[PDB]
Amino acid sequence: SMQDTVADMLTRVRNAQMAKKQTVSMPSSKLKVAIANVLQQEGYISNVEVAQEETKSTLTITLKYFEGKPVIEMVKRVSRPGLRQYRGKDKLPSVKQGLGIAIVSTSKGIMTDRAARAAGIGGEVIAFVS
Amino acid sequence: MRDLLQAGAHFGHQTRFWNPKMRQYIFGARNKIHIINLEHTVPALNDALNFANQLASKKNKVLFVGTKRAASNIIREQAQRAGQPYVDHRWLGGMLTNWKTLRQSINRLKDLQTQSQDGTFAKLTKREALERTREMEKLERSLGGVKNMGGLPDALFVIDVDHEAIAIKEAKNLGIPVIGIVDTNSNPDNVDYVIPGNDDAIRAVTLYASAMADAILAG
RNA sequence: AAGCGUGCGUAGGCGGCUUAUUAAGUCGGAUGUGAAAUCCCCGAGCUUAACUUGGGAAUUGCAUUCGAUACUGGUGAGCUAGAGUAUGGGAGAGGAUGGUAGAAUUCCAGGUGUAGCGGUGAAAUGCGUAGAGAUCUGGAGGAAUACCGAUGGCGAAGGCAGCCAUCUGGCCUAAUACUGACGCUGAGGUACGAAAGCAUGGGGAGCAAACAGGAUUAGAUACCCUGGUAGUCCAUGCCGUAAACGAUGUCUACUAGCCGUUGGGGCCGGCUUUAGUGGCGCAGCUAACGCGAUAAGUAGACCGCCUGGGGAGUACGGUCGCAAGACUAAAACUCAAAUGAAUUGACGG
Ligand SMILES: [Mg+2]
Ligand SMILES: [Mg+2]
Ligand SMILES: [Mg+2]
Ligand SMILES: [Mg+2]
Ligand SMILES: [Mg+2]
Ligand SMILES: [Mg+2]
Ligand SMILES: [Mg+2]
Ligand SMILES: [Mg+2]
Ligand SMILES: [Mg+2]
Ligand SMILES: [Mg+2]
Ligand SMILES: [Mg+2]
Ligand SMILES: [Mg+2]
Ligand SMILES: [Mg+2]
Ligand SMILES: [Mg+2]
Ligand SMILES: [Mg+2]
Ligand SMILES: [Mg+2]
Ligand SMILES: [Mg+2]
Ligand SMILES: [Mg+2]
Ligand SMILES: [Mg+2]
Ligand SMILES: [Mg+2]
């Protein structure tokens, strides 16, 4: 059934970028919003919205395209439910030699790889984005 | 704005042969036929006409290529009255890619037409010249609109981006700029200036051609 | 080369959303320890180099202790998008049991009637003057259900077709209500699983392995013809295999369109929406062929399986079986290929 939801969101965004959609909606969640805010701060998406219907929330992402091709060229789930990643502050991965980002979950929140390296911590690697 | 409204640039092909890549440039579909919205269609026809005018003002050419067997008369009509190269019968695969080879036929026509009523060809048989006249007619009905071109055109104007796909691919290869009047049943794949509107109507094709020509006359 | 024949489920793996808490995983610090040598880096002595040697770095570990709580886990509390339940309808060769119908074949008795029938490429074997074949009447019996009939339907798969009753399974579909993550997948294990075969007892019309005869043929243990027994059918059990195939494991989400068809819902013959089942085709994917919302695309969860060809799915051991066999499953030896898809020719009874 549906078990990984972070990967399901990443897959929705990837597939909507492949089909030149301008917006992608999905069922919202606290962690999904926390990852969408990081994708927006790094300039990878345009806008993030969360609409409460009555009890089920819906997240809506606005996508960016730069000269035809999409901005998110590659997005990859790294820590699956079947295998979690858990890097340390020294082994934090770099994506495309620092031209891409790595979403990390640390006890200080969800951040990018270089933010966690600056803060001298690092926990679960969620996704590579470029 | 309203001149294309009374022209039938709105009505199009039936709502079963649409290309899904034109759903932005459509408005609705009444009576089982998609109707193009002319509002945002005019704002791009004007840009295409400005591009054609500024291209004719910097001393460049533009090939009018239309051969759908319906607007093949109006294309020659509104082009030869505008001093520009024409394509009326067949898109002649390899006109731009193998332009050097077709030069060897444009020169055969520049020699054959001059060998009919320009060099006073006399002292010959009446039936022997019929074969050479057939050669010249077969060559002219195919290339008589590109004789005064002499080089690769700088722009192109097509009446059916769908029916003239070989020409659009040759342009997208040779790095030329294309302009097309793309209807509902057509792909806007490599048209540099897409102009949504009818590609088969009499008055609409005549309007597109006459407007392009009147923009060419800005010289 | 490689998806178990198909399900169900045990251990296990993995699991929706919100919130409080914890701090096990995870992260950070500190403190012990992680022998020296070796490796690495600076530099020091051998005329240089090997070599010797000072100091570090490293030893990514483990333990203790303190801190951080995003994520995973635990615990409490909630929620309703997954899963399920109740209530009205609908389609259906779903299954099991028992009746019944009509056509036809075969055989039997009688009537008419007389010389062929039958069969083939051509024949012959064969059946006929004891009366065949043809035709009519009556009867007996077994097996299968023309037309409808349909890339139709139902079923987990194997499969399922006249009609009727009885017992029974699932699915679809509309509303309202309810429960509140009750889920997905599953090694072992179990259930079902074509045909052929096997056991016990029946039945036996047609067809027909084996077999017999006639042909053909160089031969003909065949193909063709005339017969024909097991078997095919029923009851009750075994067997457990198939090109058991979509050669495509199950579940979930997402990604242009167009054209059919089956079962429903909605709205005005048409439009839409669902559950199936088909034909194309964008993107993407692919060695290519192709696939393309019924993916072989994009991702995730669990499982099964592959690792050159042969020897070999064989031996030996074991489990199961009445047996036939099935299942699990090697090695020596041997070869430098075997293979897929496409291309250009040539050939084709
Ligand atoms: Mg194979
Ligand atoms: Mg299978
Ligand atoms: Mg369990
Ligand atoms: Mg668990
Ligand atoms: Mg801890
Ligand atoms: Mg040491
Ligand atoms: Mg709970
Ligand atoms: Mg019956
Ligand atoms: Mg409740
Ligand atoms: Mg299961
Ligand atoms: Mg098993
Ligand atoms: Mg026989
Ligand atoms: Mg098998
Ligand atoms: Mg198989
Ligand atoms: Mg359908
Ligand atoms: Mg329907
Ligand atoms: Mg297809
Ligand atoms: Mg798939
Ligand atoms: Mg493949
Ligand atoms: Mg064996």
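Atom set for the values below is all heavy atoms of this structure, side chains included, hydrogens, waters and symmetry mates excluded. Within every chain, numbering begins at 1; the chains are lettered A, B, ... in the order of the sequence lines, protein sequences first and strands thereafter.
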May I ask you to classify the sugar pucker of [N] as north or south from its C1'-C2'-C3'-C4' sign?
N       : value
C:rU248 : south
C:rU307 : south
C:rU114 : south
C:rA115 : south

More 5' along RNA chain C: A:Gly120 or A:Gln3, using each one's nearest nucleotide?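 That would be A:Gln3.
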Closest-nucleotide 5' rank along RNA chain C - winner of A:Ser29 and A:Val75: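 That would be A:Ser29.
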Tell me whether C:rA218 sits syn or anti, counting syn as a glycosidic angle within 90° of 0.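 Anti, which is what one calls it when the glycosidic angle falls more than 90° from 0.
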Syn-anti status, with the boundary at 90° from 0, for the nucleotide C:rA150: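 C:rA150: syn.
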Under 3.5 Å, sequence neighbours excluded: what are the donor-acceptor pairs made by side chains of residues 114-123 of chain A?
unit_1: A:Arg117; atom_1: NH1; unit_2: A:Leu92; atom_2: O; d: 2.7

Under a 3.5 Å limit for both distances, which nucleotide forms a Watson-Crick or G-U wobble pair with [N], could you say?
N       : answer
C:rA96  : C:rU166
C:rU190 : C:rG7
C:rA253 : C:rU298
C:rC245 : none

Side-chain touch A:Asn47/A:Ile61, heavy atoms, less than 4.5 angstrom: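 Counting from C-beta outward, A:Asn47 and A:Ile61 never come under 4.5 Å.
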Once base and sugar-phosphate atoms are separated, protein heavy atoms under 4.0 Å mark nucleotides 64-79 of chain C, 5' to 3', with B, S and - as ----BSBSS------S
Contact class for A:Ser79 vs. all strands (heavy atom < 4.0 Å): base, sugar-phosphate, or nothing?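 Answer is nothing: A:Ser79 stays at 4.0 Å or more from every strand.
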Is the phosphate of C:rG16, meaning OP1 or OP2, less than 4.0 Å from a side-chain N or O of A:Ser1?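 No, outside the criterion.
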Any A:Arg80 side-chain nitrogen or oxygen under 4.0 Å from OP1 or OP2 of C:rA301: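 Checking C:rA301 against A:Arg80, a side-chain N or O does come within under 4.0 Å of OP1 or OP2.
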Between C:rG88 and C:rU173, is there a Watson-Crick or G-U wobble pair with both distances below 3.5 Å?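 C:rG88 and C:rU173 meet the Watson-Crick or G-U wobble geometry.
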In residues 56-69 of chain A, which residues come under 4.0 Å of RNA chain C by heavy atom?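 RNA chain C contact set from residues 56-69 of chain A: A:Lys56.
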Determine, with a yes or no, whether C:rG162 stacks on C:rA161 under the 5.5 Å centre and 30 degree plane limits.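 As far as the 5.5 Å and 30° test goes, C:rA161 does not stack onto C:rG162.
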Is a donor-acceptor contact shorter than 3.5 angstrom present between the side chain of A:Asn15 and the base of C:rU255?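 Absent.
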Taking only the side-chain heavy atoms of A:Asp4 (C-beta and beyond), determine which of C:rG29, C:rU18, C:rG300 contains the nearest atom.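 Closest of the options to the side chain of A:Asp4: C:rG300.
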